[PDB]
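Engineer: One structure is given below, represented as structure tokens, and several questions about it will come after.
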Amino acid sequence: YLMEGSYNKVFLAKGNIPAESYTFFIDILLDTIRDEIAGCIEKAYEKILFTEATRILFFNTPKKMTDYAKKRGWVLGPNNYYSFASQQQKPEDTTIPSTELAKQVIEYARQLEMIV
Amino acid sequence: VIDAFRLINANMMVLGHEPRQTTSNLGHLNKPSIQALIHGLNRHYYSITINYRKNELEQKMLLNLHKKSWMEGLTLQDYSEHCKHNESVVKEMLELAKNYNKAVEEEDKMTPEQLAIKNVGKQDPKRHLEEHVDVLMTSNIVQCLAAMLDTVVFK
């Protein structure tokens, strides 16, 4: 379930444990789930109101997200949350590729002329 | 090919005494040419060893000068014409390669010397294909390399 995105089952299993409460570990998973869920939603999506993210996992209307938003981004606006991802300024460059490419071709020349 | 010479006296031959009074194994290093021997070589004239004087100022001002260029290194050789040259050469390997198949089956037969002499009238794809490949790899390796080298030297 963790390997794929299926998480609604994880909380369903969180309430069904074979040995005992096992809460000494489920608390550990909380760190490995919420951090992942926030990261996924961090992509270049549009505004998401504080109504889906609030009542989604287990809680109705807590203050955790307020802290959650504070340590993450999600700039606060007119009930407007943004998640912008460009990854476009960095790409589209060959000067750095130029040095890598120059080494590459020289190796072709190196291993084409000199005797090994 | 110089072979500087000098005359021998007719009196010596009349006397019969051999000239040049060899006192070192230095002059008998070059075998006289049979064409020269036919004429008056060692009969009417004797050759003198010829060597040369060379110094770095002379050499460095000739060897490092004859075939050189100033800025041709960073020239991309008519990028439009470069790929056209590739197309013509590669297209020749399409037919050349096909003849390679027909040149492998009939080979490895008896009397390879007969096979060796059988390649004296018709193009051999074994060598022709390699020749084209050699030029193809160097032309692009140089042509491609200048592309990245220029992209950093100029802005």
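Note on naming: chains are A, B, ... as they come in the structure tokens, residues start from 1 per chain, ligands start from 1 in the order shown.
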Any idea which chain A residues end up within 7 Å of chain B if we count only C-alpha atoms, as a ChimeraX atom specification please?

Structural biologist: /A:95,98,101-102,105

Engineer: How would the residues just chosen look if you wrote them out with N, CA, C and O atoms as a compact mmCIF listing (two decimals), in the first residue's frame?

Structural biologist:
```
# COMPACT_ATOMS: atom_id res chain seq x y z
N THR A 95 25.45 25.01 -22.32
CA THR A 95 26.80 25.40 -21.92
C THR A 95 27.37 24.41 -20.91
O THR A 95 28.49 23.92 -21.07
N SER A 98 27.90 21.49 -22.62
CA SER A 98 29.05 21.64 -23.51
C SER A 98 30.29 20.99 -22.92
O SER A 98 31.02 20.27 -23.61
N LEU A 101 29.73 17.20 -22.92
CA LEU A 101 29.80 16.66 -24.27
C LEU A 101 31.23 16.64 -24.78
O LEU A 101 31.66 15.68 -25.43
N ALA A 102 31.99 17.70 -24.51
CA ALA A 102 33.36 17.77 -25.00
C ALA A 102 34.19 16.61 -24.47
O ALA A 102 34.96 15.99 -25.22
N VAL A 105 33.06 13.23 -26.42
CA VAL A 105 33.53 13.01 -27.78
C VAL A 105 35.03 12.73 -27.78
O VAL A 105 35.52 11.89 -28.54
```

Engineer: Write out as a PyMOL selection string which residues come within 12 Å of residue 28 in chain B when counting only C-alpha atoms, dropping same-chain ones fewer than 5 positions away.

Structural biologist: chain B and resi 20+22-23+46-49

Engineer: What is the CA of residue 80 in chain B to CA of residue 139 in chain B distance in Å?

Structural biologist: 14.0 Å

Engineer: Quick one, how far is CA of residue 82 in chain A from CA of residue 48 in chain A?

Structural biologist: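 The value is 7.6 Å.
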
Engineer: What separation in Å, quoted to one decimal, exists between CA of residue 108 in chain B and CA of residue 123 in chain B?

Structural biologist: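 Those two atoms sit 17.6 Å apart.
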
Engineer: Let's see if you can do this: from backbone DSSP, list all helix (DSSP H, G or I) residues in chain B, as an NGL selection string.

Structural biologist: :B and (10-15 or 34-38 or 56-60 or 72-74 or 79-105 or 112-117 or 125-153)

Engineer: Kindly export the residues of the current selection with C-alpha atoms, as a PDB file, in the first residue's frame.

Structural biologist:
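The file below, part19.pdb, is the result:
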```pdb
ATOM      1  CA  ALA B  10      95.081   8.886 -64.500  1.00  0.00           C
ATOM      2  CA  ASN B  11      98.661   8.445 -63.280  1.00  0.00           C
ATOM      3  CA  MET B  12      97.505   6.335 -60.332  1.00  0.00           C
ATOM      4  CA  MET B  13      95.656   3.871 -62.566  1.00  0.00           C
ATOM      5  CA  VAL B  14      98.688   3.795 -64.859  1.00  0.00           C
ATOM      6  CA  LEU B  15     100.721   3.211 -61.706  1.00  0.00           C
ATOM      7  CA  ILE B  34      74.977   0.045 -60.351  1.00  0.00           C
ATOM      8  CA  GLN B  35      73.947   2.760 -62.799  1.00  0.00           C
ATOM      9  CA  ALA B  36      76.780   4.957 -61.536  1.00  0.00           C
ATOM     10  CA  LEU B  37      79.191   2.021 -61.457  1.00  0.00           C
ATOM     11  CA  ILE B  38      78.662   1.469 -65.187  1.00  0.00           C
ATOM     12  CA  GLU B  56      66.804  23.802 -34.106  1.00  0.00           C
ATOM     13  CA  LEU B  57      66.493  27.416 -35.261  1.00  0.00           C
ATOM     14  CA  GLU B  58      66.508  26.149 -38.841  1.00  0.00           C
ATOM     15  CA  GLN B  59      64.280  23.162 -38.082  1.00  0.00           C
ATOM     16  CA  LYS B  60      61.803  24.908 -35.793  1.00  0.00           C
ATOM     17  CA  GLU B  72      40.794  27.076 -39.056  1.00  0.00           C
ATOM     18  CA  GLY B  73      40.323  25.059 -35.875  1.00  0.00           C
ATOM     19  CA  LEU B  74      37.118  26.816 -34.823  1.00  0.00           C
ATOM     20  CA  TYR B  79      27.083  22.866 -41.582  1.00  0.00           C
ATOM     21  CA  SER B  80      24.513  22.575 -44.383  1.00  0.00           C
ATOM     22  CA  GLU B  81      27.024  20.808 -46.637  1.00  0.00           C
ATOM     23  CA  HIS B  82      28.339  18.565 -43.849  1.00  0.00           C
ATOM     24  CA  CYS B  83      25.210  16.437 -43.504  1.00  0.00           C
ATOM     25  CA  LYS B  84      24.883  16.286 -47.291  1.00  0.00           C
ATOM     26  CA  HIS B  85      28.348  14.731 -47.400  1.00  0.00           C
ATOM     27  CA  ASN B  86      27.224  12.222 -44.771  1.00  0.00           C
ATOM     28  CA  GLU B  87      24.147  11.255 -46.781  1.00  0.00           C
ATOM     29  CA  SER B  88      26.168  10.560 -49.925  1.00  0.00           C
ATOM     30  CA  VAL B  89      28.798   8.538 -48.058  1.00  0.00           C
ATOM     31  CA  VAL B  90      26.280   6.549 -46.015  1.00  0.00           C
ATOM     32  CA  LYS B  91      24.159   5.842 -49.084  1.00  0.00           C
ATOM     33  CA  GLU B  92      27.279   4.314 -50.626  1.00  0.00           C
ATOM     34  CA  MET B  93      27.515   1.892 -47.701  1.00  0.00           C
ATOM     35  CA  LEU B  94      23.963   0.689 -48.397  1.00  0.00           C
ATOM     36  CA  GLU B  95      25.077  -0.771 -51.727  1.00  0.00           C
ATOM     37  CA  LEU B  96      28.602  -1.448 -50.468  1.00  0.00           C
ATOM     38  CA  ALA B  97      27.285  -3.418 -47.497  1.00  0.00           C
ATOM     39  CA  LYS B  98      25.020  -5.517 -49.714  1.00  0.00           C
ATOM     40  CA  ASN B  99      27.998  -6.533 -51.849  1.00  0.00           C
ATOM     41  CA  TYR B 100      29.794  -7.440 -48.618  1.00  0.00           C
ATOM     42  CA  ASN B 101      27.285 -10.236 -48.055  1.00  0.00           C
ATOM     43  CA  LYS B 102      27.946 -11.563 -51.552  1.00  0.00           C
ATOM     44  CA  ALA B 103      31.697 -11.298 -50.851  1.00  0.00           C
ATOM     45  CA  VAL B 104      31.655 -13.486 -47.719  1.00  0.00           C
ATOM     46  CA  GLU B 105      29.891 -16.617 -48.987  1.00  0.00           C
ATOM     47  CA  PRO B 112      43.037 -18.804 -51.341  1.00  0.00           C
ATOM     48  CA  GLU B 113      45.867 -17.640 -53.595  1.00  0.00           C
ATOM     49  CA  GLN B 114      43.301 -18.195 -56.340  1.00  0.00           C
ATOM     50  CA  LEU B 115      40.922 -16.123 -54.224  1.00  0.00           C
ATOM     51  CA  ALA B 116      43.659 -13.535 -53.682  1.00  0.00           C
ATOM     52  CA  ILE B 117      44.225 -13.160 -57.425  1.00  0.00           C
ATOM     53  CA  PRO B 125      33.955  -4.321 -50.147  1.00  0.00           C
ATOM     54  CA  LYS B 126      36.185  -5.443 -47.274  1.00  0.00           C
ATOM     55  CA  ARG B 127      38.531  -2.493 -47.837  1.00  0.00           C
ATOM     56  CA  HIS B 128      36.144  -0.040 -49.491  1.00  0.00           C
ATOM     57  CA  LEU B 129      33.629  -0.216 -46.643  1.00  0.00           C
ATOM     58  CA  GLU B 130      36.332   0.438 -44.053  1.00  0.00           C
ATOM     59  CA  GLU B 131      37.678   3.440 -45.969  1.00  0.00           C
ATOM     60  CA  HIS B 132      34.297   5.174 -45.905  1.00  0.00           C
ATOM     61  CA  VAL B 133      33.789   4.352 -42.222  1.00  0.00           C
ATOM     62  CA  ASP B 134      37.155   5.881 -41.343  1.00  0.00           C
ATOM     63  CA  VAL B 135      36.347   9.224 -42.961  1.00  0.00           C
ATOM     64  CA  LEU B 136      32.821   9.219 -41.540  1.00  0.00           C
ATOM     65  CA  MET B 137      33.921   8.861 -37.922  1.00  0.00           C
ATOM     66  CA  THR B 138      36.688  11.477 -38.035  1.00  0.00           C
ATOM     67  CA  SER B 139      34.644  14.072 -39.923  1.00  0.00           C
ATOM     68  CA  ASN B 140      31.807  14.015 -37.391  1.00  0.00           C
ATOM     69  CA  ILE B 141      34.016  13.653 -34.306  1.00  0.00           C
ATOM     70  CA  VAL B 142      35.936  16.763 -35.335  1.00  0.00           C
ATOM     71  CA  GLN B 143      32.837  18.546 -36.627  1.00  0.00           C
ATOM     72  CA  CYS B 144      30.798  17.720 -33.527  1.00  0.00           C
ATOM     73  CA  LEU B 145      33.619  18.522 -31.104  1.00  0.00           C
ATOM     74  CA  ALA B 146      34.096  22.003 -32.543  1.00  0.00           C
ATOM     75  CA  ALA B 147      30.409  22.604 -31.826  1.00  0.00           C
ATOM     76  CA  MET B 148      30.769  22.295 -28.053  1.00  0.00           C
ATOM     77  CA  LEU B 149      34.220  23.899 -27.976  1.00  0.00           C
ATOM     78  CA  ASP B 150      32.863  26.980 -29.743  1.00  0.00           C
ATOM     79  CA  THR B 151      29.766  27.144 -27.544  1.00  0.00           C
ATOM     80  CA  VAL B 152      32.007  27.874 -24.544  1.00  0.00           C
ATOM     81  CA  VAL B 153      34.765  30.003 -26.109  1.00  0.00           C
TER      82      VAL B 153
END
```
